[PDB]
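To begin, one chain is listed below as structure tokens, in the form deposited in one PDB entry.
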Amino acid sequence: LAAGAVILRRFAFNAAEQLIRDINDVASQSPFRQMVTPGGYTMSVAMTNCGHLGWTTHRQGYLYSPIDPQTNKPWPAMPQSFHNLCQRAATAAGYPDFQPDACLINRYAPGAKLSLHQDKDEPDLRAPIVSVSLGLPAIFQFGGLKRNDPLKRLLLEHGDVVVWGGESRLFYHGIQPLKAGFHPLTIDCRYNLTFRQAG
């Protein structure tokens, strides 16, 4: 279905409760904000980061910054639960040398979406991206190298971890409007953690 992608469904189930406590802690220092894309449009997905570097939008485009543009303070440190879960996930996928220095935390409110894009702000594209889904289920869609390539759908549920390596690392991807509902741990939203080798 996807070359280089290792899907580990429900892998983060045991760590989930502590990951949500740590997202809330990260958010108390660097709050969730809906970033404004270079063209002047506010994204529906609320984001924040933890680690040495953090993904953000800017006037000139998209970049990794060691400073939070909103608080003007550094991003919070990468929590131990985050580091430990990512490490075990990457190792189980055949990447024991993967050491992330950036974790983009996405919050999806009901109806929130993320249109087709590529993750190409990283120095080494051979390095994977570890994605961890928490809360409400979402339909992830992926294509190919071009923007007009056929889209394939994949449901990502609570605890699902996918290590996007190989060819799948360069694929155009996104999230369809989050369907309304309830989850015992997140109430009415979905969280997604994307660990990156940004330095």
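From 1 onward, residues are counted along the sequence shown. The term rigid core refers to the most C-alpha atoms you can superpose between the two forms while keeping them within 1.5 Å.
Between 37-45 and 164-172, it is 164-172 that carries the larger average Cα temperature factor according to the deposited entry. With 69-77 and 119-127 compared on mean CA B-factor from the PDB entry, the stretch scoring higher is 119-127. Out of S133, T56, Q60, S30, the entry records its largest CA B-factor for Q60. For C86, the recorded CA temperature factor ranks within the middle third of the chain's modelled residues. When the modelled residues of the chain are ordered by C-alpha B-factor, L114 sits in the middle third. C50: CA B factor in the lowest third of modelled residues in this chain (values from the PDB entry).
Per the deposited record, the Cα B-factor of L155 falls in the middle third when ranked against the other modelled residues of its chain. In the deposited entry, the Cα temperature factor of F142 sits in the top third of values across the chain's modelled residues.
Here the subject shifts to the form deposited in another entry, a form of this protein not shown in this document.
A displacement of less than 2 angstroms separates the C-alpha positions of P66 between this form and the one not shown, with the rigid core held in common. Once the cores line up, the CA of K146 ends up 2 angstroms or more apart between this form and the one not shown.
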